[PDB]
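Heads up, the thing below is written out as structure tokens.
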Amino acid sequence: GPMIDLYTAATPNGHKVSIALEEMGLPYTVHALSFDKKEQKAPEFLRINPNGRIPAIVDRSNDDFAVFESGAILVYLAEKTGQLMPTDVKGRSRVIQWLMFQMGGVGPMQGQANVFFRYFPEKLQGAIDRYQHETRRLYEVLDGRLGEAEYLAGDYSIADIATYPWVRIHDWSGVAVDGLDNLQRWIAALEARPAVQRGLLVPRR
Amino acid sequence: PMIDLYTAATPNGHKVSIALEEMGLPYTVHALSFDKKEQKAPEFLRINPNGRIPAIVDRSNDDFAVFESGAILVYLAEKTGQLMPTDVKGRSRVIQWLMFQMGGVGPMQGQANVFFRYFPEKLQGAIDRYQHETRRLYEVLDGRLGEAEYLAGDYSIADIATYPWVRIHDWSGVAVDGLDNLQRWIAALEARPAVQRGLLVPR
């Protein structure tokens, strides 16, 4: 049986990891942790991720080693398989750099656009504008980089995998990609990948 | 000097100066003014296209640029062999807690700073959101520090990434009351000579 257990949900951060597993050809078992039933607050899950959030993996081939944080899981799996991140000093760092730009920039800022534009009890246009403008600014950084190279770190890598599930939902966040020709190219390339398509359907709705 | 550091007196800048001081690597400091719009200067955009500090240029490695504080910490740890284990599990524990800082503590406490200190309007719902979340993340750190001395076990770049933020909790309007493990760790970090040195950079 699969030696990776995946705890996930249908969110951009969960899709980062299912896409990566699908790209790498790694078998895995899915646990769609039930937030409806408070499973993320149970002691059992908190021994895997003390933050009580998805995604998280348990590597059963490695003494049931737990890995939390989507970006840390991507690094762990890339290193395990030798795929989707170069091994030389500069190539590896370029991937980690763009991965961190996603983890500290794209994801947090676009997530706050989601909060204020879609979920917050009252409409705070100053906050909505702040995060929508910042997300667009980050998208323009991505677009400029994608004029220099086909993928963010050169060859396709876990950095692209981390970034795509957020860029994909730009309209939910109220942020446009129009005018960003290189980012649009990259979106179309990512969307056409079978492994991306499969990863986006995990966990089954 | 080996490393050229482009920085400012912010928590994210302090992560990297603290790391350099811990590792004993020679470096030069370029302090960038947010007022003079030095972040926007084209030469700096060639180093970090995001136009933010910190960034390094490794003069010992073909003037290779590294941006993103967390990625700089990883690059330097790997370069020197310090402050992150080389075994699979030890290395991953550091990366996990580093990502918790980069995706969680830094962004959320930074948003607390925005609405509590700098935003033009007082938006109490936004202040509460980010002060509550920052405190929740601090409680996660406190729980972990009850089972390990430092976040990944031994002292590592994950602690260096996290401390410059926790250090300014009162500026963000977030208390550490009741978090005895976090307070122990705060005192240990504050006492380290290299932490003290790195907090002085830039002047």
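Quick mapping for you: the protein sequence lines, in order, are chains B and A.
Using the deposited numbering, read the first sequence as starting at -1 and increasing by one per residue.
Using the deposited numbering, read the second sequence as starting at 0 and increasing by one per residue.
A virtual CB, placed ideally from N, CA and C, is assigned to each residue, including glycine.
Within the region 115 to 129 of chain A, the residues whose Cβ lies closer than 8 Å to any Cβ of chain B are, in chain order, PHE118, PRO119, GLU120, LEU122, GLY124, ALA125, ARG128. By the rule that beta-carbons nearer than 8 Å mark a contact, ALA18/A does not touch chain B. For a cut-off of 8 Å, the C-beta gap from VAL194/B to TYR154/B is around 10 Å, too long to register as a contact. A contact is defined here as three or more CB-CB pairs under 8 Å, and the region 77 to 96 of chain B meets this definition with respect to the region 16 to 26 of chain B. Separation of the CB atoms of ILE2/A and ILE55/A is rounded to 5 Å, and the pair is thereby assigned contact status at 8 Å. Taking all protein chains in view, the Cβ of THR133/B is crowded by 16 or more other Cβ atoms within 10 Å, so the residue is classified as buried. Taking all protein chains shown into account, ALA64/A has 16 or more neighbouring C-beta atoms within 10 Å of its C-beta and is therefore buried.
When the alpha-carbon of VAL87/A is set against those of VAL73/B, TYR137/B, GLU146/B, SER68/B, the nearest one is in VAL73/B. Contact of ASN112/B with chain A is not assigned, every C-beta pair being separated by 8 Å or more. Contact note: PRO25/A does not reach chain B at a C-beta cutoff of 9 Å; the least C-beta distance is about 19 Å. In the same chain as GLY12/A, and ignoring 5 residues on each side of it, the C-beta atoms closer than 6 Å to its own belong to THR6, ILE52, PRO53, in chain order.
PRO10/A and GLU77/B have their C-alpha atoms roughly 30 Å apart. For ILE94/A, the residues of chain B that pass the 7 Å Cβ criterion are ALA70, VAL73, in the order they occur in the chain.
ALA174/A is a Cβ neighbour of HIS168/A, given a cutoff of 8 Å. Counting every other CB atom within 10 Å of its CB across the protein chains shown gives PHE66/B a total of 16 or more, marking it as buried. Between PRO192/B and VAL28/B, the gap from beta carbon to beta carbon reaches 8 Å or more. Of the residues assessed, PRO41/B falls on the exposed side of the cut-off, its CB having fewer than 16 other CB atoms within 10 angstroms.
For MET98/B, the nearest beta carbon of chain A is closer than 8 Å to its own beta carbon.
Scanning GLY89/B, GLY172/B, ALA70/B, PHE114/B for the CA closest to the CA of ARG90/A turns up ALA70/B. Per DSSP, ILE55/A is one residue of the beta strand (DSSP E) stretching across 54 to 57. Rounded to the nearest whole angstrom, the CA to CA distance from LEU140/B to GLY152/B is 13 Å.
Residues of chain A with a Cβ closer than 9 Å to the Cβ of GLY80/B do not exist; the shortest Cβ-Cβ separation is about 13 Å. Taking the CA atoms as reference points, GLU148/A sits about 14 Å from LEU178/A. Looking at the DSSP output, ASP3/A sits in a beta bridge with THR27/A, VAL56/A.
Following the DSSP letters along the chain, one finds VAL73/B inside the alpha helix (DSSP H) bounded by residues 68 to 79. Secondary structure of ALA186/B (DSSP, three-state): helix. Beyond the five residues adjoining it in sequence on each side, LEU4/B comes within less than 6 Å, by CB distance, of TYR26, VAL28, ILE55 in the same chain, given in chain order.
Pairing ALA190/B with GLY102/B, the inter-Cα distance amounts to about 27 Å.
Nearest C-alpha to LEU181/B among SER171/B, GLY172/B, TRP170/B, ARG166/B: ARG166/B. For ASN60/A, the C-beta contacts it makes with chain B under 8 Å involve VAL87, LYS88, in order along the chain. Judged by DSSP in its simplified three-state form, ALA111/A adopts helix. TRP164/B and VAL104/B do touch by the CB rule: their CB atoms are close to 5 Å apart, below 8 Å. Non-local C-beta neighbours of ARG92/B in its own chain, meaning closer than 7 Å and more than five positions away in sequence, comprise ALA151, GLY152, ordered along the chain. Between the alpha carbons of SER171/A and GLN110/A lies a distance of about 9 Å.
For the region 172 to 203 of chain B, the set of positions with a beta-carbon nearer than 9 Å to some beta-carbon of chain A is empty. Between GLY23/B and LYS39/B, the C-beta gap is not smaller than 8 Å, which leaves the two residues out of contact.
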